[PDB]
Amino acid sequence: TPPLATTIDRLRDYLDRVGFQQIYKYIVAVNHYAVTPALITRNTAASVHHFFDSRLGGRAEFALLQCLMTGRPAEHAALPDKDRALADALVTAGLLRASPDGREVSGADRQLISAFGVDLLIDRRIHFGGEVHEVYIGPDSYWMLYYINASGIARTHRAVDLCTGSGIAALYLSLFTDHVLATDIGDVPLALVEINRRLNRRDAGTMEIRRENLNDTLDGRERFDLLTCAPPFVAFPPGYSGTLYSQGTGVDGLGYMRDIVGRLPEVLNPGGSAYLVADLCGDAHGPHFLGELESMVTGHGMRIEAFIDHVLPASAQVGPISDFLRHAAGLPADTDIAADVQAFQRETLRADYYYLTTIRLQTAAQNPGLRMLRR
Ligand SMILES: Nc1ncnc2c1ncn2[C@@H]1O[C@H](CSCC[C@H](N)C(=O)O)[C@@H](O)[C@H]1O
Ligand SMILES: [Ca+2]
């Protein structure tokens with residue numbers, strides 16, 4: 001809407017005025033900035049507040065910035081005059097809260113971060129409070145984008161970010177090409193990527209946002225030079241309900257990965273490349289999914305490179321998966337979810353380990369083959 005659009009314009013003006021992106025980059029430092037979005041969290045916010053208070057002297061020009069970054073309250077009367085009208089607009093938009101007596105502003109459900117040179121509003125509940133969030137972002141998103149060869153992107157390359165969520169992959173691609181498609185089906189992420197597109201001075205002139213199922217985009221007539229996708233891929237036991245952003249399709253959670261890879265020879269232009277990321281089950285030698293990709297090498301002459309950037313024994317995921325299932329469905333604490341997850345890992349997934357894997361796939365490769373990089 002026009003009032004929201006103007007509010008976001010003024011918010012980006014504020015971020016530019018006070019150098020938000022540089023401050024965020026300084027706080028997390030260059031050895032963490034691209035590792036994970038979980039840097040400013042409930043466990044580090046006190047440290048962030050101390051930095052602003054003592055190293056930046058508590059200057060009022062950073063007050064509204066901290067409401068957005070950590071949720072820290074700022075007294076309404078202490079905001080500079082230009083920041084105070086913007087703060088009122090953000091409260092009206094539901095992007096910040098006012099205290100009940102109207103005397104301060106503080107965090108709502110959106111946290112402001114930066115990643116890959118882009119300013120991004122994300123679901124605050126993933127790093128603060130702990131309540132089940134409605135939009136995902138994780139280190140996996142970052143590791144996808146890290147492996148993209150940005151110098152090979154032309155302005156006229158057609159790129160698509162499927163299952164865009166907050167929009168981070170689409171906004172990254174929009175740094176380099178003027179033709180980006182970003183898709184999702186959730187009302188909440190779709191609203192958020194609209195905001196984040198405007199927040200980075202973009203509009204439908206160079207980035208289309210589309211409400212569309214993954215398989216519809218992939219079956220379509222559109223052809224792309226570059227594709228990214230971090231799709232729902234978590235595998236939950238039969239009977240359990242996850243969330244739209246987490247639960248993968250198929251018996252092992254990887255149905256969306258299968259869907260994408262199978263259509264790449266038809267959806268990419270020859271020589272185009274796709275970047276995917278998923279947490280893949282496997283044995284001691286590696287993720288089971290890579291065995292399915294040999295059909296792509298032989299049948300389509302692709303080059304497929306898998307970058308294994310984190311390994312965990314399956315037993316280390318039982319708690320996190322069970323906790324997530326318990327909270328997402330509001331289950332009580334006497335349910336034996338842990339045994340259900342274990343049995344599912346053992347019997348259906350055959351998962352001794354989980355491999356957090358980025359995969360680059362190229363069509364019409366001059367050096368076809370499958371390559372697995374492990375440390
Ligand atoms: N069939 C489908 N088609 C398109 N998007 C889907 C989909 N099923 C789930 N989604 C969306 O897929 C996203 C996965 S979370 C991924 C968010 C983002 N790509 C990131 O890496 O941070 C969620 O936003 C969810 O709404
Ligand atoms: Ca730090």
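Order of listing sets the numbers, starting from 1, for every ligand and every atom in it. Note: hydrogens, waters and symmetry copies are ignored here, and every other heavy atom, side chains too, is used. The first residue of the sequence shown is numbered 1, and numbering continues consecutively from there.
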Checklist entry - Strictly under 3.0 Å, is any N, O or S atom of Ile27 next to the Ca ion (ligand 2)? => result yes

Checklist entry - For atom 26 (O) of ligand 1, which protein heavy atom lies nearest, and how many Å away is it? => result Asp184 OD1, 2.6 Å

Next on the checklist: Checking contacts here: is it the side chain or the backbone of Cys163 that comes within 4.0 Å of ligand 1, counting heavy atoms only? Could be both or neither.
Outcome noted: both

Next on the checklist: Tell me whether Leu214 has any N or O atom under 3.5 angstrom from an N or O of ligand 1.
Outcome noted: yes

Item to check | Pair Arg350 + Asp283, salt bridge at N-O below 4.0 Å | outcome: no

Checklist entry - Nearest protein heavy-atom contact for atom 21 (O) of ligand 1: which residue, which atom, what distance? => result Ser141 OG, 2.7 Å

Checklist entry - Numbering the atoms of ligand 1 from 1, which are under 4.0 Å from a heavy atom of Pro189? => result 24 (O), 26 (O)

Item to check | Region of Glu212 engaging ligand 1 - heavy atom pairs below 4.0 Å | outcome: backbone

Next on the checklist: Any heavy atom of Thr183 closer to ligand 1 than 4.0 angstrom?
Outcome noted: no

Checklist entry - Using heavy atoms and a threshold below 4.0 Å, how should the contact between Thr164 and ligand 1 be classified: side chain, backbone, both, or neither? => result backbone

Next on the checklist: Does this structure show an ion pair linking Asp88 with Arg84, if we count only N-O contacts that are shorter than 4.0 Å?
Outcome noted: no

Item to check | Protein contact of atom 7 (C) of ligand 1 - nearest heavy atom, named by residue and atom, plus distance | outcome: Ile185 CD1, 3.6 Å

Next on the checklist: Under a 4.0 Å threshold between the charged nitrogen and the carboxylate oxygen, would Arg198 count as salt-bridged to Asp203?
Outcome noted: no

Checklist entry - Should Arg10 and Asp13 count as an ion pair when the cut-off is N to O under 4.0 Å? => result no

Item to check | Residues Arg371, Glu305: salt bridge by 4.0 Å N-O rule | outcome: no

Item to check | Flag if over 12 foreign heavy atoms under 6.0 Å of CD, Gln22 | outcome: yes

Checklist entry - Out of curiosity, is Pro232 lining ligand 1, as in a heavy atom under 4.0 Å away? => result yes

Next on the checklist: Using a 6.0 Å cut-off, check whether atom CZ of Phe51 has over 12 heavy atoms from anything other than its own residue.
Outcome noted: yes

Checklist entry - How far is atom 1 (N) of ligand 1 from its nearest protein heavy atom, and which residue and atom is that? => result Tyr256 OH, 3.2 Å

Checklist entry - Would you call the rings of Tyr33 and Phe116 parallel, tilted or perpendicular if under 30° counts as parallel and over 60° as perpendicular? => result tilted

Next on the checklist: Angle between ring planes, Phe176 versus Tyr172, binned at 30° and 60°: parallel, tilted or perpendicular?
Outcome noted: perpendicular

Next on the checklist: Do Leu192 and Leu244 sit in one hydrophobic cluster, given that two such residues count as connected whenever their side-chain heavy atoms are within less than 4.5 Å of each other, even indirectly?
Outcome noted: no

Checklist entry - Of the protein's non-hydrogen atoms, which lies at the shortest distance from atom 14 (C) of ligand 1, and what is that distance? => result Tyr245 O, 3.6 Å

Checklist entry - Looking at atom 16 (C) of ligand 1, what's its closest protein heavy atom, distance included? => result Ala230 O, 3.2 Å

Item to check | Which of the ligand 1 atoms, numbered from 1, are nearer than 4.0 Å to a heavy atom of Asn213 | outcome: 3 (N)

Checklist entry - Considering only heavy atoms of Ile137, which atoms of ligand 1 have at least one such atom less than 4.0 Å away? => result 22 (O)

